[PDB]
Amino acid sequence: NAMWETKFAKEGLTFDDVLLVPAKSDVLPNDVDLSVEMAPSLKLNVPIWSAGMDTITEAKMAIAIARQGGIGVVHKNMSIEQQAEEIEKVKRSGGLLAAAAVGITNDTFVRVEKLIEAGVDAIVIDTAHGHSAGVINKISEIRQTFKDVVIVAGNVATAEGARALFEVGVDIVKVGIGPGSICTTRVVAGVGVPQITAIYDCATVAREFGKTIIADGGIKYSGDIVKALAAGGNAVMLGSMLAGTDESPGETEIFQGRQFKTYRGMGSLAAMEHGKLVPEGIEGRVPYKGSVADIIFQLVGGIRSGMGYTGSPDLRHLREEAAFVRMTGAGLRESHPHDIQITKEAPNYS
């Protein structure tokens, strides 16, 4: 049995397993082009999507991140009327780009229709297991019903899963099973793929179709964005790094003389109340980060620095030509600050 014999053949890498190799460079960081074409009708100035989560992205977040060159995915833990109204708030703030999450439920077709009426630019079909017959069949039916809307669908973590979604007309495949900071899928179900490998395997398929992927989950620092893009992601999706900003939906708390905000998985127990299956996320708090504009400024600055190191004048070169080097945990220790008592907080390092 080939299936029995190859049970443990596959290997997987995540962000902390790899570094990008410096290469000959002709481009300064400030001259790098960060724009990316997600689909023929959807181009971003910076390759960053904000996560469709009820503690990350409502209209306030989507407005802030679109003004920085990204796009926000308004979460679906609200009525169809409310979610459409959030989209109208974004479009009425200068015609900014806006995306909106939908599930595979009995309201999906009406919800998509009202979101399109509100001016939405992308529909984000968000499911725990995108590589399933019922999901692929509904997606294909959505694709034929709404022929002109940009469709993001996920999540998958394998070539075969990304191919199954591109085959039914998905424009953008969202990649990531288990890497999220608030996620417990891998300890509760035992299922996942290390995220760098998942990006790489799915990007290989996306290139064959001429489409794009979103690297979703597990990003901890600006350098992880560069790794995610160089592994083949056309853009990334961020929760943890946008959590605790002014524009995120919560209100700040004071715990032990310091400001925090709530960040919780959409599969946590509390989040599923807001909208049977056992939880696959936890509920937590993160330190108050400040404004989205300031955070994106640091992220973008890390991407530009990385691309100056790799000689990437645009994201295409970073995706196609940047090489990695594998490292051990000892290499990870060398990569972070070591043998030093940090006295002042850096704006891009905690």
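The first residue of the sequence shown is number 1, and the count goes up from there.
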property	result
Gap size, residue 276 back to residue 275 (deposited sequence, no coordinates)	10 or more
Mean Cα B-factor comparison, 257-265 or 209-217, giving the higher one as deposited	257-265
Between the two ranges 93-101 and 224-232, the one averaging a larger CA B factor in the entry	93-101
C-alpha B-factor winner, where the candidates are 312, 30, 50, 35	30
Out of 197, 77, 155, 204, residue topping the C-alpha B-factor column of the entry	77
Residue 340 CA temperature factor, ranked by third within the chain	highest
Residue 306, C-alpha B-factor rank within chain (lowest, middle or highest third)	lowest
Assigned third (lowest, middle, highest) for the C-alpha B factor of residue 288	highest
Chain thirds of CA B-factor: placement of residue 163	lowest
Record-listed C-alpha B factor of residue 349: chain third	highest
